[PDB]
Amino acid sequence: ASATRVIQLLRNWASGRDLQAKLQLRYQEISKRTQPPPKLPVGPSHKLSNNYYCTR
Amino acid sequence: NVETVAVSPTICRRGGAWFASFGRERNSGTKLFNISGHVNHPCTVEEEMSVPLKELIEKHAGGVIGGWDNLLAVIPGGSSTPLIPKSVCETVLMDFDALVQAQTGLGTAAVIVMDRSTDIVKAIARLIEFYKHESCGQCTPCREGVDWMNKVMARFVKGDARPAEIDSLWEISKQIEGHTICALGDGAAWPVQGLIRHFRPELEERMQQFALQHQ
Ligand SMILES: Cc1cc2nc3c(=O)[nH]c(=O)nc-3n(C[C@H](O)[C@H](O)[C@H](O)COP(=O)(O)O)c2cc1C
Ligand code: SF4
């Protein structure tokens, strides 16, 4: 937040707690909107043998 | 078979007991043997039934090429019978029951030998390709599964697969064996089973070599 120090002091005194530590407006601290590709592992029954369906 | 009817009149003429003298109980008689592959003198010969394989090769066939220590594997009863290694063929008899004890069976008494200077995977793949060519294909297991096994062996020969597939191939054979109409499916499943059971390390090493060289 680009708020002047006097306004920050006024708001902190009025609320009684330090507002600048935990702001309710989201900033560059959030995750990027473009992400690497995932891999998403397979399940446990993706075996090639000893995987007869009558047993599961 | 030709041999059965051919020996029947001589059995009748000389008596049943004379034929029953040779071989063991429930394995009586004399048998025609073909010895082929890596031997000094490949030949056909009539011999007493329960003759040990080693003396049969060393006597009539002239011995394995390069000596007995050069031997790698032997198929005792033709392509249908599974192969066996040197360790069990050192002291094995040649009849139905003793070969069943070696998990193979006598079959047609067609001995095919392979020394240590050959690709056993290539030979078994050739046998599976032959079975793929010679199946009539009326029933789904033999037709589809034998083509599948032929493809899997062709892929094994160059090591293009991964070890987790080997067990899969085993399973495929068990699906063909006993579910077809005739015994051609059994005779195509057995060689793969024997090759896997006795030389899984060879297949694994070939796969590792392929994976390393192709990266
Ligand atoms: C695919 C296949 C091919 C066969 N080819 C022959 C053959 O060429 N000669 C033969 O005597 N038996 C062959 N058999 C086995 C026959 O079933 C067998 O000859 C028949 O049962 C009578 O044989 P026997 O004289 O031992 O009673 C073959 C079996 C299969 C499944
Ligand atoms: S198992 Fe016998 S009947 Fe079935 S497809 Fe093969 S050769 Fe034909």
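(A) Representation of the side chain of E47 of chain B in the model. All names here are of chain B. Along the chain, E47 turns up in strand β2 (residues 43-48). The buried charged residue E47 lacks any salt bridge, with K59 as its nearest oppositely charged partner at 6.8 Å. Separated by 2.9 Å, the side chains of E47 and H60 make a polar contact. If sequence neighbours within four positions are ignored, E47 has contacts with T30, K31, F33, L56 and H60.

(B) View of the environment of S80 of chain B. Residue and element names in this part refer to chain B. Relative to the assigned elements, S80 resides in the loop between β3 (71-75) and β4 (84-85). According to the relative accessible area criterion, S80 is partly exposed, its value standing at 25%. Residues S80 and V51, 29 residues apart in the sequence, show an inter-C-alpha distance of 21 Å. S80 has contacts with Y131, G187, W190 and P191, leaving out every residue within four places of it along the chain.

(C) Spatial organisation of the nonpolar core. Residues and elements named next belong to chain B. Among the nonpolar cores identified, the biggest contains 31 residues, and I120, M149, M153, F156 and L169 are the most heavily contacted of them. Residue assignment for this core shows that the elements contributing at least two residues are β3, α6 (120-133), α7 (140-157), α8 (164-176) and α9 (184-214). Here this core spans two domains, since at least three of its residues come from each of domain 1 (30-115) and domain 2 (120-214). Non-local contacts of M153, meaning those with residues more than four positions away in its chain, are made with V121, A125, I128, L169, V192 and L195. Judged by nonpolar contacts, the second largest core, of 24 residues, contains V51, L53, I84 and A102.

(D) Structural view of the site of ligand 1. Residues and elements named next belong to chain B. Contacts to ligand 1 come from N1, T4, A183 and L184. With respect to ligand 1, the side chain of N1 contributes an N or O atom lying 2.2 Å from an oxygen atom. Residues that form the shell around ligand 1 fall into these classes: two nonpolar, two polar and no charged.

(E) Structural detail: the pairing of strand β5 (residues 110-115) of chain B. All names here are of chain B. With five of six residues buried, β5 lies mostly within the body of the structure. Judged from the four bridges that link them, strand β1 (residues 30-37) and β5 form a sheet pairing that is parallel. Opposite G37, over in β5, you have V113 as the bridge partner. Here β3 pairs with β5 via four bridges, running antiparallel. Looking at β5, one finds that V74 is bridged to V113.

(F) Up close: the packing of aromatic side chains. Residue and element names in this part refer to chain B. Per the counting criterion, the structure on display carries three aromatic pairs over all chains. Between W18 and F19 the ring centres are 5.9 Å apart and the planes differ by 45°, which places this aromatic pair in the tilted class. Under the relative-accessibility criterion, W18 is labelled partly exposed at 30%. With a relative accessible area of 15%, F19 lands in the buried category. With 5.8 Å between their ring centres and 90° between their planes, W18 and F22 make a pair best called edge-to-face.

Conventions used here
- Residues numbered from 1 in each chain as written, not as in the entry; some residues may be left out.
- Chains lettered and ligands numbered in written order.
- Part of a larger assembly, values for the part shown.
- Heavy atoms only, no water.
- Helix = DSSP H or I, 4+ residues; strand = E, 2+ residues; numbered from the N terminus.
- Buried < 20%, exposed > 50% of the residue type's maximum accessible area, 1.4 Å probe, protein only.
- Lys, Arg positive; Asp, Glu negative; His and termini not counted.
- Salt bridge = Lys/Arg side-chain N within 4 Å of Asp/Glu carboxyl O.
- Polar contact = N/O pair within 3.5 Å; in protein donor to acceptor, adjacent residues only side chain to side chain.
- Contact = heavy atoms within 4.5 Å.
- Core = buried A, V, L, I, M, F, W, Y, C linked by side-chain atoms within 4.5 Å.
- Domains from an automatic or database assignment.
- Near = heavy atom within 4 Å.
- Nonpolar A, V, L, I, M, F, W, Y, C, P; charged D, E, K, R; others polar.
- Pairing = 2+ DSSP bridges.
- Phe/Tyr/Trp six-rings, centres within 6.5 Å; stacked < 30°, edge-to-face > 60°.

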